[PDB]
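Read through the structure below, which is laid out as structure tokens, and then see the notes.
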Amino acid sequence: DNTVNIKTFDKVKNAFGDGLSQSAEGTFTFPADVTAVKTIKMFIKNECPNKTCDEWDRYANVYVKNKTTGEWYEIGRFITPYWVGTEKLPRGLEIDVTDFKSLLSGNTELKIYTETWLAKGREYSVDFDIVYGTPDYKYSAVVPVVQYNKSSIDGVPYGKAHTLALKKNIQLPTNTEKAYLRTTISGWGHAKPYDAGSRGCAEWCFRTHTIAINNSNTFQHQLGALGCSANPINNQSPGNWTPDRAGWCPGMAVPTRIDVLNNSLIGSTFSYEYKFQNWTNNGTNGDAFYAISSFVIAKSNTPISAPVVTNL
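Under PDB author numbering, think of the first position of the sequence shown as 4, with each following residue one higher.
Next up, the structure:
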């Protein structure tokens, strides 16, 4: 029926303690040929019966390893539900990872991490649906532009000065036909000054950030209310699961933002800059951080190299 299912992690535990590890890795067989892949959906099941897991709403993410460079690429991010797992969703939390189809081929290394601070941890099973047909572009390649995403507090400091590069140059191959960015951003903190509604940064304060291309402000990322109260994982009581955070919810995937680049840029090197909305932390209620990954995807109907990302 045009779909293949690949089981990967199965009952893997992310936990914190002696002889325990917040991350797990494995090597899994994916089909070799991705030329007819239209869609790849990743599904993350979190098994937490009888309050046997770290009950907090923890940052968590999944990576694929680039077989040649050894670098981990974040393919999906989520926040665990409070108290319970994903059992209200029979298939788990769903994240489209089609952008990484070039890496999800043959024997492939994956990593799953949870910012869990308890031996009880969290336990997961992860599977992938690969849907075959006729993509518009036979060939794709993906590389990171920035990744400040190892944990929520390894994000980019917000409201405080910092020396992280959020400007890069990107060279797209001349035979590119279509290019775009894929960004996942989430905020931590209840730093003051508060916005209206007693909303501190960066978990709660609604913000719109901007990607500048060749210095021109081009794409806006509104980190707004997602409707946390409507979560189908609605059995998170007595955790604080219903208020809206800026651009995320407990027990939900962090949204993936897709920004399609002008074709004029193909065959050129262009600058990327991620610009955060101006704000200053007064220091009267802790720190704020934005965990962020952003990738550039090139598609073509002739074989293509990866885009090349450099520092200024």
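The beta carbon of each residue, even a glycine, is placed where N, CA and C say it ideally should be.
{"Asked": "How would you label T83, buried or exposed, when you count the other beta carbons within 10 angstroms and need 16 or more for buried?", "Found": "buried"}
{"Asked": "Give the DSSP-derived three-state secondary structure of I156 in the structure shown.", "Found": "helix"}
{"Asked": "Taking C-beta to C-beta, are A294 and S189 nearer than 7 Å?", "Found": "yes"}
{"Asked": "Given a cut-off of 7 Å, decide if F103 and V134 are closer than it, judged by their beta-carbon atoms.", "Found": "no"}
{"Asked": "Leaving out the 5 sequence neighbours to the left and right, which residues in its chain are closer than 7 Å to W75 when beta-carbon positions are compared?", "Found": "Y66, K68 and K114"}
{"Asked": "Please report the straight-line C-alpha distance between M255 and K91, rounded to a whole angstrom.", "Found": "12 Å"}
{"Asked": "Round the Cβ separation of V145 and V312 to the nearest angstrom and send it over; I've been treating them as touching at under 8 Å.", "Found": "Not really, about 11 Å apart at Cβ, beyond 8 Å."}
{"Asked": "Pairing CB atoms from the region 257 to 272 with CB atoms from the region 149 to 167, are three or more of them under 8 Å?", "Found": "no"}
{"Asked": "Can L184 be considered in contact with the ligand NAP, in the sense that its beta carbon sits closer than 6 Å to one or more heavy atoms?", "Found": "Although the ligand NAP was asked about, the structure shown includes no ligands whatsoever."}
{"Asked": "Taking the C-alpha atoms as reference points, what is the distance between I98 and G22?", "Found": "30 Å"}
{"Asked": "Rounded to whole angstroms, what is the Cα-Cα separation between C51 and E126?", "Found": "7 Å"}
{"Asked": "Hey, would you say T42 sits closer than 7 Å to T101, going by beta carbons?", "Found": "yes"}
{"Asked": "If we call anything under 7 Å between Cβ atoms a contact, is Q174 one with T305?", "Found": "no"}
{"Asked": "So, using beta-carbon positions, are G203 and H212 closer together than 7 Å?", "Found": "no"}
{"Asked": "Can you tell me whether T101 is helix, strand or coil according to DSSP?", "Found": "helix"}
{"Asked": "Taking the C-alpha atoms as reference points, what is the distance between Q150 and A182?", "Found": "19 Å"}
{"Asked": "Identify the continuous beta strand (DSSP E) that holds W75 and give its terminal residues.", "Found": "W75 to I82"}
{"Asked": "Please report the Cβ distance between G242 and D60, rounded to the nearest whole angstrom; I am assuming they are in contact, meaning their Cβ atoms lie under 8 Å.", "Found": "6 Å"}
{"Asked": "Looking only at its own chain, which residues have a Cβ that is under 6 Å from the Cβ of residue 1, when we skip the five neighbours before and after it?", "Found": "Shown here, the chain extends from 4 to 315; a query on residue 1 therefore has no answer."}
{"Asked": "Just the Cα atoms here: how many angstroms apart are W244 and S26?", "Found": "25 Å"}
{"Asked": "What does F131 pair with, by DSSP beta-bridge criteria?", "Found": "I9 and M45"}
{"Asked": "Go through its chain and collect everything with a Cβ distance to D132's Cβ below 6 Å, but skip five positions before and after it.", "Found": "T6, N8 and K44"}
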